[PDB]
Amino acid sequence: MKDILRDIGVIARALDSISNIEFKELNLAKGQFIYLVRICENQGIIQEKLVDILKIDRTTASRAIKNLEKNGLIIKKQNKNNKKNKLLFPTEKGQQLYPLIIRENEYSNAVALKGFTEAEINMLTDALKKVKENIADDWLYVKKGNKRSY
């Protein structure tokens, strides 16, 4: 069985570090861009749903989202039928940053996917989607506190 955890970890460290440095121009912090991007596509969704689809810690997302709302990029309004859910909507400062973030994310994507044909990227989109699903259960299994057996 050949390792894959290493390269995927390397590739993510680079792409995230590039995005952090480039987005510091737009005053976005270390990991704050992954939230607003997802919040802009799915308007009004909840911390717990983002925590699930993004696979980050809940407390880490809580304070990181507190700044995006403090610094005026998103707004957390509540629903009349739910006293606990906080529906996270983007502001006009956030709606204008989304087309720019898509360009850095897409240009970094084109640099990373340089050399692949249209069929090769789909074979890689499917392979990564499968790996993302295979690891989803064990992430919450360890996140809850349960001990793995190996």
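The first residue of the sequence shown is number 1, and the count goes up from there.
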query: 77 to 85 set against 32 to 40, stretch whose average Cα temperature factor tops the other in the entry; finding: 77 to 85
query: Given 141 to 149 and 4 to 12, the range whose Cα B-factors average higher in the PDB entry; finding: 141 to 149
query: Deposited CA B-factor, highest of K49, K114, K55, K93; finding: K93
query: Cα B factor band for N122 (lowest, middle or highest third within the chain); finding: middle
query: B-factor third for the C-alpha atom of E22 within its chain; finding: middle
